[PDB]
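Trainee: One structure is given below, represented as structure tokens, and several questions about it will come after.
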Number of protein chains: 2
Amino acid sequence: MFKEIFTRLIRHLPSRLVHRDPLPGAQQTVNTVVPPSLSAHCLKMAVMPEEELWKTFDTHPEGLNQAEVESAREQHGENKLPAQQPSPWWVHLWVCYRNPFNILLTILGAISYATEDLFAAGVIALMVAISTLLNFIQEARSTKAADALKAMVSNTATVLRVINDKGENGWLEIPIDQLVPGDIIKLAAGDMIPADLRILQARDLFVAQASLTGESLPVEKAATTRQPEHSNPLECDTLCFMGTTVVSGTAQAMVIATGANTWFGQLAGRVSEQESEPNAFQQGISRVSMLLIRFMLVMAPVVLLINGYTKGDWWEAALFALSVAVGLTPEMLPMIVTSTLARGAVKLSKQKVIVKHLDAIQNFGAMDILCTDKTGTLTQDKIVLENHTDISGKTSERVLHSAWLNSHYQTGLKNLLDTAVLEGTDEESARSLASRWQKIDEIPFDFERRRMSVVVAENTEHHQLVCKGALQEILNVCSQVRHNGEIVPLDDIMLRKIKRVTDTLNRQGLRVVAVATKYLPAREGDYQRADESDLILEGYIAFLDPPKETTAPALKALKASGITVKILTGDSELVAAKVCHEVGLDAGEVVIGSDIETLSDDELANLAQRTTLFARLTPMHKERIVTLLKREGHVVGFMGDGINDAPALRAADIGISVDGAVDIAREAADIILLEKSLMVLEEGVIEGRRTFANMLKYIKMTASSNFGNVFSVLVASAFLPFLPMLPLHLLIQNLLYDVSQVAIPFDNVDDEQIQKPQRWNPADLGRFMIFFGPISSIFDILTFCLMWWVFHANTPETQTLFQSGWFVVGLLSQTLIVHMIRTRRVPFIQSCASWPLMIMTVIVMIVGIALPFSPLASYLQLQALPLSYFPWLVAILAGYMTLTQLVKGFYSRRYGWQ
Amino acid sequence: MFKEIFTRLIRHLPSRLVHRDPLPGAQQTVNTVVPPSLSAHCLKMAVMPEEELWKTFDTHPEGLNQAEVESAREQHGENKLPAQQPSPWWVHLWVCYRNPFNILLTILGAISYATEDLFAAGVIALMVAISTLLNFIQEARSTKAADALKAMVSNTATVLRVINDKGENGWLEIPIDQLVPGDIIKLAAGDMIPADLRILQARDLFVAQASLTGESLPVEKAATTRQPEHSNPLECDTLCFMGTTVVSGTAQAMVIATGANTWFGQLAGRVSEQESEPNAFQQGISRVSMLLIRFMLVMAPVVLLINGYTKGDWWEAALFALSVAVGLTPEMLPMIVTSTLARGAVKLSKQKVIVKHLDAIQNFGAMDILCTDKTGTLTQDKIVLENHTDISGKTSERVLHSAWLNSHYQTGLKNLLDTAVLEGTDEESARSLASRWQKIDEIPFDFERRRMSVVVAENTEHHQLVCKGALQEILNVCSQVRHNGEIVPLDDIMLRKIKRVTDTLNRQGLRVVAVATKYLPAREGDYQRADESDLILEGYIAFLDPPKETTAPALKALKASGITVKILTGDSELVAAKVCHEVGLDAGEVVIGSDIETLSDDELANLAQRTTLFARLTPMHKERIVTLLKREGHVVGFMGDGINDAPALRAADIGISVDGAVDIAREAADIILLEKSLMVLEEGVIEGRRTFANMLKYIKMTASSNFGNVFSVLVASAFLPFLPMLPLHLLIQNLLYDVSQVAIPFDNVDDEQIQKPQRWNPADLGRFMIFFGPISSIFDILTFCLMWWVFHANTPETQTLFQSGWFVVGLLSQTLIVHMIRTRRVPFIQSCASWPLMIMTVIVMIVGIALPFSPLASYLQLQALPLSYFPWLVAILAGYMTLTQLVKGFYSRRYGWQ
Ligand SMILES: [Mg+2]
Ligand SMILES: [Mg+2]
Ligand SMILES: [Mg+2]
Ligand SMILES: [Mg+2]
Ligand SMILES: [Mg+2]
Ligand SMILES: [Mg+2]
């Protein structure tokens with residue numbers, strides 16, 4: 001066969017509902033380090049004087065007013081990527097109608113009846129148009145809902161703009177797509193850079209550019225250049241590029257590039273080539289589409305040839321074969337996938353689960369390994385008890401005040417310890433410390449040393465550096481300790497005593513953060529990580545972050561649903577083990593991050609499968625573990641809401657984040673929970689399994705029934721002297737079946753189907769079609785024999801009695817058989833269809849019965865049915881239902897339902 | 001007027017759906033200390049030899065098999081009170097059919113149309129029967145649902161019985177109502193005594209008979225009497241009476257009395273007289289019923305007299321007046337109340353809120369003060385951190401092992417500290433302690449000393465008494481302390497040091513429990529509370545009980561709903577204040593239990609209104625505070641799940657308990673939550689407000705519309721020369737209106753209505769009826785003028801056109817006006833009725849329109865309507881809806897909706 005390139009009958013869904021958005025962190029590799037005239041633009045913009053910067057982008061310090069912002073947006077486009085913009089509704093309608101089969105059905109309708117029989121080609125074209133409108137309405141509604149959902153959780157930026165008719169400025173939180181060039185924004189800790197920026201002003205601004213320049217340490221970004229030569233746009237200290245995060249400090253900057261013109265946007269990724277590699281969902285949809293095309297190409301030519309030879313009307317035989325084939329079209333797939341999944345995605349939104357792209361639902365129900373941190377998900381993130389003590393265990397007010405200085409004057413992201421220390425200090429002492437101490441510098445947090453320092457001063461003679469961090473890291477750089485009010489050298493005896501005391505505290509679930517301080521002579525230069533030396537250890541703060549009340553039932557439900565929860569944490573091994581024990585998780589033997597640095601990929605992939613808790617992990621370790629956990633066909637989900645969780649979120653088969661996360665965590669995620677809870681995640685997983693099961697059932701039943709109709713036509717058309725059913729009748733039958741099937745997205749799903757992670761095999765559809773097609777053909781042939789002999793529709797002159805006689809059987813059975821094949825159990829007593837499906841089935845059956853008796857029947861070439869036919873019809877339908885119910889068991893035994 | 005005794009037209013609901021159960025704790029007062037032949041029976045039963053006890057009750061040691069238990073149940077009745085047995089369905093159908101208006105209607109129908117006009121009386125009787133059937137079906141379904149709900153949470157008993165064909169025994173948990181006399185049960189801690197019992201065997205069995213004998217201290221019940229003279233059935237140490245709890249120990253006893261024959265059941269309460277005093281809900285229902293009777297008695301005689309004088313047919317005028325009056329019958333109140341409340345009670349069951357009696361819903365939505373303990377509701381009942389140390393602060397293994405002995409060998413109710421100590425001790429040391437030590441005696445917990453002791457022994461030479469309890473109570477009875485391994489006298493310096501250290505610990509939210517041990521020479525006699533003297537203080541255990549993750553949002557929602565949460569706790573004020581601060585509650589200034597002992601009732605009632613946290617409370621203090629919190633018309637709810645919370649649950653306006661509570665706590669409660677959570681309680685309160693609002697709306701709309709119809713008849717009957725509508729048509733109109741109103745229980749309620757605690761005024765119904773009745777009468781008179789002149793129904797010969805002309809207007813407006821006078825807002829845009837109500841309204845309107853055109857119209861004396869009438873009908877309906885919508889505002893301003 002092959003000839004896959006020749007087949008262009010498949011219409012792919014737009015690559016925003018499916019497939020992930022490009023995240024600007026596609027490694028440090030670049031296409032010849034960007035092209036000229038783009039690097040030159042950045043290099044000129046970096047050192048351009050601030051005075052003439054205002055004229056270049058038509059910007060004023062006040063900001064931008066409305067008419068100006070629409071003018072800038074029109075001139076420079078919108079702050080998006082080429083693939084994130086929706087096509088106009090008329091283009092969507094046209095691309096739905098120009099389907100290579102909707103066209104032929106209209107042309108063959110024109111050709112067959114053009115000479116001397118009009119109103120028959122027109123009605124066929126009208127049926128084609130009605131089917132096209134139904135498909136287009138379903139897809140348009142579902143894409144509108146999906147696009148609304150994706151825009152519900154979108155990274156925002158704080159801009160000046162101009163609010164109030166008066167013309168006053170403000171600070172609006174607007175979606176990052178609305179940023180036009182020459183716009184003024186302000187940046188704080190945790191905000192991702194929304195576009196290429198020119199730093200107007202900034203204090204202690206550190207940005208994590210690891211995505212672009214590949215360096216983990218945050219880089220200071222100044223208002224004016226303080227480095228001698230630039231020679232490179234990516235390292236100029238006065239421009240911030242899109243896709244990088246702000247670690248600490250504050251800034252106010254100007255947007256210079258936007259959308260495609262952004263560094264990452266053009267020639268450093270995204271714009272280069274396209275989405276060459278499709279994900280699992282797109283591959284499965286393509287496989288199903290190719291299977292349907294193969295079925296049609298095998299069957300329809302034979303149906304054409306048989307009737308052409310038998311009846312000598314090729315222009316009508318071809319139309320008849322195409323009309324029976326259109327039931328097996330691939331164009332159902334865009335309508336089924338979009339309508340069924342977007343129904344789930346909306347329903348998940350009422351469960352505090354926002355789905356950014358539709359295909360993620362497949363992973364969300366298929367996930368069997370869930371990697372997450374212990375803080376916030378297992379623990380409460382609010383610490384109830386805290387003790388600030390010195391090395392001797394006595395409570396110390398100096399430790400609390402030293403920690404308060406660091407917590408108050410740090411500009412990084414807020415922490416639970418920071419919140420506790422700011423709340424744990426009384427108002428009077430806090431006011432005295434604030435008035436008596438002023439900030440001079442800040443050395444932010446990085447994982448190489450795992451500390452955080454703040455340099456303050458009470459005068460202009462000496463400065464005090466106060467750094468707080470995990471106990472060892474602090475003890476590594478401490479040379480003296482403050483014991484009993486005296487500064488005494490920190491010998492090894494005190495080292496081992498402190499270590500064992502803090503290990504005893506850790507085994508109780510208490511996290512310990514040590515605090516160190518130093519006095520230095522006043523200096524003008526910036527402080528650097530080398531200044532964290534010969535410190536004086538003031539003491540440590542031991543605090544308890546208790547586990548959530550709902551963590552244990554959520555973990556039990558997750559395990560009952562087939563999901564293996566794995567804890568990836570950068571905290572201590574003892575605290576993590578205690579937390580795991582308290583919530584009911586089995587920590588087993590713990591694996592620290594230092595252990596896996598010397599392991600091979602095979603060794604680590606084999607170890608991670610039997611290891612539940614990983615401790616002392618750097619973000620690189622988390623990403624590597626998540627990557628190697630997909631080794632044996634597992635679908636891995638990573639849940640994280642941190643600055644450095646973007647690679648881990650992007651590397652997992654599904655990334656889950658929280659509405660309160662940092663900007664880069666929400667950008668890289670596929671699912672956004674409105675509250676950080678494992679129970680919400682479990683219920684969402686259970687509900688997404690239902691959505692995927694409903695989608696599969698939709699495709700499965702439609703394809704099987706339509707294959708049965710095509711087989712019925714193929715086997716019995718040769719013996720008849722006329723078409724078993726007029727193609728107009730077949731088009732009406734398919735349209736009325738689709739109207740009924742509209743309510744399948746709202747069906748009920750057995751708890752048996754969604755009890756374990758779902759595995760989707762597109763080749764199973766062919767087996768289901770082959771098994772459940774001829775069952776319909778048996779009763780179709782029985783109906784043919786009924787109308788031939790019992791009702792004497794033996795000649796073409798009385799063909800209309802035959803054809804209509806099949807029509808009501810064709811539509812009613814195909815509509816009824818849904819309630820038999822939708823479940824593996826016995827219907828109407830064990831598993832029952834949802835009320836919308838019941839109502840739609842009843843309505844479509846009534847319409848199909850009443851159509852031959854309606855005034856339209858003459859126009860549709862349908863003849864009224866004698867009353868002696870209805871008992872036969874009921875017998876046929878009941879026999880078909882009973883036979884399929886009795887035969888379902890064999891399919892269950894040999895292959896299985898799920 | 002008065003003559004309230006004469007009015008027996010009111011049919012009260014059965015006193016199980018409304019009103020509380022007896023709760024065998026009705027003080028210590030008795031009716032002459034019970035009657036003779038009951039006290040004598042108990043006295044003879046107590047001292048009767050165990051050998052001959054088996055023949056008396058036809059009981060075997062192995063238990064009772066089936067046929068024997070049904071025989072005993074038939075002979076002795078069922079273990080219930082006379083007010084808890086439902087009446088048979090046929091008796092319920094008779095009482096629903098024999099009400100004076102269903103009898104007078106039938107009798108007048110026979111009288112008026114018996115002579116020469118049969119099939120007119122029969123159809124009227126058939127309409128009466130159909131109305132009775134509808135009412136009976138609604139009430140029967142709703143009482144069945146309510147009785148099923150009350151049986152879901154019922155105190156159970158553990159019985160031997162017989163299981164399976166073999167004849168082997170087990171231990172079944174059967175509802176206490178199934179207990180027949182001469183049944184063998186076993187009792188553990190926390191089990192209430194289900195019937196009068198004879199103790200067969202007992203291991204350290206203590207029962208709290210504070211309800212019966214009035215003494216707070218638990219007393220020891222033995223297998224054989226160990227006291228010289230009994231002289232009193234209530235103080236014999238070998239019988240346990242119903243309504244008392246088991247504090248500690250284990251036992252196996254025999255049931256000797258059951259149901260009424262129980263000491264409490266007969267002549268000691270719940271038997272003499274009856275429920276003389278009705279509660280608030282019953283009083284309100286009676287007031288509404290009396291208002292409806294007053295309306296009918298004022299109006300219907302005038303309607304009879306006018307038509308009797310005008311048309312000279314008294315036997316028909318009386319029937320017509322009664323037919324218009326029956327719309328205002330109080331017999332709908334049993335159907336309205338039972339059907340609307342039960343639908344709520346069922347809906348609460350899916351929200352983990354079981355309602356034991358329907359009227360409690362009224363209180364549940366009317367609650368504005370909620371009194372709870374801090375443990376379990378505000379805090380988790382599991383403790384995350386525990387430190388067992390000595391007085392010097394060093395960790396001590398002896399303290400942990402001493403606490404483990406007490407926790408393991410105590411037979412009382414389990415505690416969070418007991419669970420932690422049993423889990424906090426390693427397996428090896430635990431098994432070593434279990435093998436090395438054996439239990440001898442136990443001194444249970446009581447609030448006078450607030451300690452609990454266990455006497456064990458490692459040999460037959462000396463015994464060790466290990467008591468554990470709150471710090472002061474332990475320190476009161478301690479004379480020595482184990483310091484640095486030496487037993488040193490406990491001087492005042494150590495007392496102050498320990499007090500300040502433990503006060504520092506309690507300000508952190510850490511509860512401190514001290515442990516004391518003593519060595520005594522071996523002795524045969526039982527140990528007594530006195531034996532707790534000159535103890536040796538081993539140390540204390542400080543543990544953290546963390547607040548729940550969901551307590552703060554639940555408290556904020558409760559405050560937003562208008563409920564004032566007050567904390568009644570027996571713990572320290574420092575720990576309670578810290579817990580309140582953690583969850584966001586404002587403790588204010590705390591009031592300890594010792595402060596309120598000297599206060600007067602007025603002083604304590606005034607103080608409790610502005611006090612949020614009450615600490616160091618005995619159960620008597622809790623009951624007194626809850627009683628005095630209802631002083632200014634507040635509705636008080638008490639939530640508790642303890643042994644001593646029965647008086648406080650019974651004294652509150654509503655009592656809430658948990659499914660895992662003790663037996664007496666579930667018996668005294670009105671609401672049972674399936675999980676102990678404040679969020680569940682808040683959502684249940686919100687949804688119960690909806691149920692009560694729906695019930696009030698039901699009554700209000702029905703009464704107002706039917707009053708409007710009666711007024712329309714009263715004003716315009718004199719001018720017409722015939723009845724404005726035949727009474728058959730009026731009965732059909734009322735029946736079809738009731739069919740529509742069936743779906744009101746499922747209506748939607750605006751969030752504005754249920755945003756504050758509900759206050760129900762039965763006199764408001766009269767104002768609503770007076771305001772909204774004549775609005776219907778205006779358009780009824782307009783319809784009369786229409787049919788008189790526009791349609792020329794001027795004579796009796798053409799009366800049928802007139803009457804039917806009103807009929808469709810009468811039914812359709814009455815059915816439509818629901819969607820206008822159900823909300824204070826504008827309908828269909830700002831507030832919408834529920835889909836069941838929409839469907840029922842449409843169906844009833846369709847039936848009313850189609851009835852005059854149906855073949856039944858001739859049988860019902862209805863004439864088909866000309867098509868020129870329908871535009872006038874739409875005009876009348878639209879004008880009525882618009883006028884009532886515009887006029888609703890005046891009722892809102894002058895009186896108000898809620
Ligand atoms: Mg932001
Ligand atoms: Mg600096
Ligand atoms: Mg078929
Ligand atoms: Mg029990
Ligand atoms: Mg004893
Ligand atoms: Mg009316």
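Just so we're on the same page: first chain in the structure tokens is A, next is B, and so on; residues restart at 1 for each chain, and ligands are numbered from 1 in the order they show up.
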Can you work out which residues from chain B touch chain A at a cut-off of 8 Å (counting only C-alpha atoms) and hand them back as a list in words?
Mentor: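 On the chain B side, the interface is residues 380, 384, 385, 508, 509, 546, 548, 549 and 582 of chain B.
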Trainee: Skip residue 241 of chain A itself and residues of its chain fewer than 4 positions away, then list as a list in words all residues within 7 Å of it, counting only C-alpha atoms.
Mentor: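 Once the adjacent positions are removed, what remains is residues 193, 195, 196, 197 and 263 of chain A.
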Trainee: Using the selection just defined, write its residues with C-alpha atoms as a short mmCIF file (atom, residue, chain, number, x, y, z; two decimals), in the first residue's frame.
Mentor:
data_model
loop_
_atom_site.label_atom_id
_atom_site.label_comp_id
_atom_site.auth_asym_id
_atom_site.auth_seq_id
_atom_site.Cartn_x
_atom_site.Cartn_y
_atom_site.Cartn_z
CA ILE A 193 10.32 38.37 31.27
CA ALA A 195 9.26 40.32 25.95
CA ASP A 196 12.66 41.72 25.09
CA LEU A 197 13.22 44.53 27.57
CA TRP A 263 15.14 36.99 20.32
#
Trainee: Using only C-alpha atoms and all ligand atoms, which residues of chain B come within 7 Å of ligand 6, and what is the closest atom pair for each, with the distance in Å to one decimal? Give it as JSON lines, sorted by chain and residue number.
Mentor:
{"residue": "B:705", "atom": "CA", "partner": "ligand 6", "partner_atom_place_in_ligand_line": "1 (Mg)", "distance": 5.7}
{"residue": "B:706", "atom": "CA", "partner": "ligand 6", "partner_atom_place_in_ligand_line": "1 (Mg)", "distance": 6.7}
{"residue": "B:708", "atom": "CA", "partner": "ligand 6", "partner_atom_place_in_ligand_line": "1 (Mg)", "distance": 5.5}
{"residue": "B:709", "atom": "CA", "partner": "ligand 6", "partner_atom_place_in_ligand_line": "1 (Mg)", "distance": 4.5}
{"residue": "B:776", "atom": "CA", "partner": "ligand 6", "partner_atom_place_in_ligand_line": "1 (Mg)", "distance": 5.2}
{"residue": "B:777", "atom": "CA", "partner": "ligand 6", "partner_atom_place_in_ligand_line": "1 (Mg)", "distance": 6.8}
{"residue": "B:780", "atom": "CA", "partner": "ligand 6", "partner_atom_place_in_ligand_line": "1 (Mg)", "distance": 6.7}
{"residue": "B:810", "atom": "CA", "partner": "ligand 6", "partner_atom_place_in_ligand_line": "1 (Mg)", "distance": 4.8}
{"residue": "B:813", "atom": "CA", "partner": "ligand 6", "partner_atom_place_in_ligand_line": "1 (Mg)", "distance": 6.2}
{"residue": "B:814", "atom": "CA", "partner": "ligand 6", "partner_atom_place_in_ligand_line": "1 (Mg)", "distance": 5.1}
Trainee: Since we have the selection now, will you write its residues out, keeping N, CA and C atoms, as a tab-separated table (two decimals), in the first residue's frame?
Mentor:
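Written out: selection33.tsv:
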chain	number	residue	atom	x	y	z
B	705	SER	N	-52.52	32.44	46.28
B	705	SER	CA	-53.30	32.21	45.07
B	705	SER	C	-54.71	31.73	45.40
B	706	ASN	N	-54.83	30.82	46.37
B	706	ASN	CA	-56.15	30.30	46.71
B	706	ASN	C	-57.01	31.35	47.40
B	708	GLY	N	-56.77	34.50	46.64
B	708	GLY	CA	-57.20	35.32	45.52
B	708	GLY	C	-58.41	34.73	44.82
B	709	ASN	N	-58.41	33.41	44.61
B	709	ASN	CA	-59.57	32.76	44.00
B	709	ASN	C	-60.81	32.91	44.86
B	776	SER	N	-54.93	38.96	42.00
B	776	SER	CA	-55.56	37.95	41.16
B	776	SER	C	-57.04	38.24	40.95
B	777	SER	N	-57.71	38.80	41.97
B	777	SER	CA	-59.13	39.09	41.87
B	777	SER	C	-59.42	40.15	40.82
B	780	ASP	N	-59.44	38.33	37.64
B	780	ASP	CA	-60.60	37.45	37.61
B	780	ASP	C	-61.87	38.22	37.26
B	810	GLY	N	-58.22	30.67	35.30
B	810	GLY	CA	-57.96	30.38	36.70
B	810	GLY	C	-56.75	29.49	36.90
B	813	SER	N	-53.11	31.25	35.18
B	813	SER	CA	-52.54	32.34	35.96
B	813	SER	C	-51.98	31.83	37.28
B	814	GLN	N	-52.79	31.05	38.02
B	814	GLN	CA	-52.35	30.48	39.29
B	814	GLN	C	-51.06	29.68	39.12
Trainee: Using only C-alpha atoms and all ligand atoms, find each protein or nucleic acid residue lying at most 6 Å from ligand 5; present the set as a PDB file with N, CA and C atoms, in the first residue's frame.
Mentor:
ATOM      1  N   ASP B 204     -13.609  -4.477  85.438  1.00  0.00           N
ATOM      2  CA  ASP B 204     -13.403  -3.066  85.765  1.00  0.00           C
ATOM      3  C   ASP B 204     -14.415  -2.168  85.054  1.00  0.00           C
ATOM      4  N   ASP B 441      -5.515  -2.851  88.461  1.00  0.00           N
ATOM      5  CA  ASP B 441      -6.672  -2.011  88.740  1.00  0.00           C
ATOM      6  C   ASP B 441      -6.614  -0.767  87.868  1.00  0.00           C
ATOM      7  N   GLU B 442      -7.742  -0.064  87.802  1.00  0.00           N
ATOM      8  CA  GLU B 442      -7.828   1.178  87.048  1.00  0.00           C
ATOM      9  C   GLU B 442      -8.748   2.143  87.778  1.00  0.00           C
ATOM     10  N   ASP B 526      -9.611  -2.986  96.414  1.00  0.00           N
ATOM     11  CA  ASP B 526      -9.582  -2.124  95.242  1.00  0.00           C
ATOM     12  C   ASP B 526      -8.957  -0.776  95.579  1.00  0.00           C
TER      13      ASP B 526
END
Trainee: Which value, in Å to one decimal, gives the distance between atom CA of residue 573 of chain A and atom CA of residue 503 of chain A?
Mentor: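 For atom CA of residue 573 of chain A relative to atom CA of residue 503 of chain A, the distance reads 10.2 Å.
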Trainee: Using only C-alpha atoms and all ligand atoms, find each residue with an atom at most 9 Å away from ligand 4 and format the answer as a list in words.
Mentor: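 Final answer, ordered by chain and number: residues 155, 156, 157, 158, 173, 186, 187, 188, 189, 190, 191, 192, 662 and 663 of chain B.
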Trainee: Could you list, as a PyMOL selection string, all the residues within 10 Å of ligand 2, counting only C-alpha atoms and all ligand atoms?
Mentor: chain A and resi 203-206+220-222+249+440-444+454-455+525-528
Trainee: Residues contacting ligand 3 - anything with an atom at most 12 Å away, using only C-alpha atoms and all ligand atoms - can you give me those as a ChimeraX atom specification?
Mentor: /A:324,327,701-713,725,730,733-734,737,772-783,806-818,876-877,880
Trainee: When DSSP works through the backbone of this structure, what residues of segment 437-562 of chain A end up as strand (DSSP E), shown as an MDAnalysis selection string?
Mentor: chainID A and resid 438:443 453:457 462:470 478:483 486:489 510:521 535:544
Trainee: At a cut-off of 12 Å, using only C-alpha atoms, what residues contact residue 494 of chain A? Leave out same-chain residues fewer than 2 positions from it and give the result as a list in words.
Mentor: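 Once the nearby chain positions are removed, what remains is residues 390, 391, 392, 475, 479, 480, 481, 482, 483, 488, 489, 490, 491, 492, 496, 497, 498, 499, 500, 501, 502 and 537 of chain A.
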